[PDB]
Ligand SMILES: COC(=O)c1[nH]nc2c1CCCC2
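For reference, the chain that follows is the form solved without the named molecule, supplied as structure tokens.
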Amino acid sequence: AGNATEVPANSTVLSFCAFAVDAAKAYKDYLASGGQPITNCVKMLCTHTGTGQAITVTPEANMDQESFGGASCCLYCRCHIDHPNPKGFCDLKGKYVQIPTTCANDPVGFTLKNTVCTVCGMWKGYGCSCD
């Protein structure tokens, strides 16, 4: 009974991160040790005529980005572990995340390492025009 959600390629990385005290550090260390990035993400078929904002209610990928469903880009959602904010809720789940195409091979790692500018809504270092 039941319906699978995962593929064998993710078993090792998700098992390792699901048991860690610091899951974020465990994933970064996993990637640094040559481990393959988490796959099976929700990549969207979109027009690529979007605003380019990082986290949105609809896919907003531009020509230099890829749109993904937010829960599939969140390490905590993928591992079914506690979210690190005090309220215990997710900031990606329920939204769409725009990842630069050059980083689309690892959308979970991209959202773990990067921050969104709270003024322009673009990723810091990848679209945020202001200083």
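Numbers for residues come from their place in the sequence shown, where the first is 1.
Another form exists, deposited with the named molecule bound; not displayed. Remarks below refer to it.
Comment: the named molecule is not present in this chain, but in the entry with it bound one of 55, 41, 104, 46 has a heavy atom within 4.5 Å of it, namely 55. Candidate site formed by 114, 118 and 123: every one of these residues places a non-hydrogen atom within 4.5 angstroms of the named molecule in the entry with it bound. Although the partner is absent here, residue 92 sits close enough that one of its heavy atoms falls within 4.5 Å of the named molecule in the entry with it bound.
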